[PDB]
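Just one chain follows, in the form deposited in one PDB entry, and it is written as structure tokens.
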């Protein structure tokens, strides 16, 4: 029975990045006696919530345990907070003492007499442990600063860390102690939020190894499922240790990563026209909150330049592969070759002429396609203009779809579009986008697709004078390639970082007027590159 479990001693801190990314990139605590960031409202509200939360039921078990360990026998309940003097003098004087909590301050230079407020002054750690045997309290929170943090981990007196990752860089002179992957391991990671123009999430470290007759009902109703051998696929335990060890997976990136797992664990084995080899499943939905982040996957490096050039290329209505290839974007290069077009029976189509695909269908749906050099001036339906006009003027229309699946033109296309349709939704001056994907490459393709349509929602929202809200991705045929597996296993065992943010040059007001430099990914912190294949 170590002292932290009996007396429930925890740390809560908030760290920013300081002027190969790792989890000791988040480590900036304070600058010139204050926070590097000035105020974070959500970091504050989380801190208030965690440190002021008690549950009176549980107390009697704790009051017991505490009497057990400490060889003893059988106001409204509060938690303890414990801070350094510097940290205490850093607090606004109307906010001190921290309300509805037991304030404990570590100081040598200052005795009790030096303090007006209702606080407990102590001059060493051993004394805190004394006071926690003398007091009625729920949980003890160590709230810093740097010296108090370092000391308490030093003595292995902390049982969990409540770690806020403020996903921006600021000037810092005090740092959080480095954490050993050995001694402490992340068991939980939260949703990403935006506050005060930065993203943040909340992760929990744990100290490492080194009315109750209706429980059963669940077992009954689960009598007809699988075995461990009708859990379909062999793909083992150990190979997702860090994934399965996680308790709460509330980061949105686990939306994508859980589907990987479901396909891997529960996928159907198929071999396409190719003779390749996949695990596939049918019909999922991912919702991302664009108002709170830009969901660029963090469990591997992603380059956004090419997929942005491609979006602008569509918006122009271009079907000309050369255009991309001059800008050094090879997305559509293998779909533009003599061989590929010849195997598509497109014998009369020019090299890199991809035909009536996204560009055309968005600007000119149902015009007879000629070649990539034709301007289709006022021919067919300008869907893109149409949807921008319906968002402006009829935001409660249920007919705001942009659709790339023109049945008439499929055989004329290099490939039929994987991204069938975008439908739009407007509420309270905010814009959401459903995108339906017929076929989905989970290992290589979906990461870019999420980003792509996520940027497109921002673009539309901007020129329609609305705020971006939810991007909703609907997967039809959801497959993992068999050779993608080894690399996807590596990725599932990586804990996401807080998402980056996307900034669009605000001056752009028409959908046609966006250039590569109008886009900026701020604060993309990410695990290292993975070659999906081998």
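Only residues modelled in both forms are compared. Positions refer to the first chain, counted from 1. Take the two forms, superpose them, and find the largest set of C-alpha atoms that agree within 1.5 Å; that set is the rigid core.
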Task: Check: residue 201 without coordinates in a third or more of other entries - done: no
Open item on the list: Quick test of your reading: does residue 139 have no coordinates in a third or more of the other entries compared?
Closed with: no
Open item on the list: Between residue 19 and residue 20, what class does the number of missing deposited residues fall in: none, 1 to 3, 4 to 9, or 10 or more?
Closed with: 4 to 9
Open item on the list: Residues without coordinates, deposited sequence, stretch from residue 210 to residue 211: is the count none, 1 to 3, 4 to 9, or 10 or more?
Closed with: 10 or more
Open item on the list: Averaging CA B factors per stretch from the PDB record, which one is higher: 340-348 or 129-137?
Closed with: 129-137
- [ ] Please work out which of 442-450 and 220-228 has the higher mean CA B-factor as recorded in the PDB entry.
- [x] 220-228
Task: Which of 326, 389, 238, 383 ranks first by CA B-factor in the deposited coordinates - done: 238
Open item on the list: Comparing recorded Cα B-factors across 467, 57, 493, 501, which one is largest?
Closed with: 57
TODO: Pull the Cα B-factor of residue 485 out of the PDB entry and bin it into the chain's lowest, middle or highest third.
DONE: middle
TODO: Divide the modelled residues of the chain into thirds by Cα B-factor and specify which third, lowest, middle or highest, holds residue 427.
DONE: middle
- [ ] Grab the CA temperature factor for residue 11 from the record and place it in the lowest, middle or highest third of its chain.
- [x] lowest
- [ ] Please rank the C-alpha B-factors of the chain's modelled residues and tell me whether residue 319 sits in the lowest, middle or highest third.
- [x] lowest
Open item on the list: Based on the deposited C-alpha B factors for this chain, I'd like to know if residue 68 is in the lowest, middle or highest third.
Closed with: highest
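A second form of this protein, the form deposited in another entry, is not displayed here; the remarks below concern that form.
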TODO: Would you mind telling me which residue of 330, 327, 247, 112 shifts its Cα by 2 Å or more between this form and the one not shown when the core is superposed?
DONE: 112
Open item on the list: For residue 234, does the CA position differ by 2 Å or more between this form and the one not shown when the superposition is done on the rigid core?
Closed with: yes
Open item on the list: Quick check on residue 193: with the core superposed, does its CA move 2 angstroms or more between this form and the one not shown?
Closed with: no
Open item on the list: For residue 461, does the CA position differ by 2 Å or more between this form and the one not shown when the superposition is done on the rigid core?
Closed with: no
Open item on the list: Can you confirm the direction of the Cα distance change for residue 233 and residue 496 in that other deposited form, closer or farther than in this form, given it is 3 Å or more?
Closed with: farther
- [ ] Can you tell whether residue 233 sits closer to or farther from residue 481 in that other deposited form than it does here, judged by CA atoms, where the change is 3 Å or more?
- [x] farther
TODO: Report the moving segments between this form and the one not shown: consecutive residues, 3 or more per run, each with a CA shift of 2 Å or more after superposition on the core, given in sequence order.
DONE: 112-118, 152-154, 229-234, 273-275
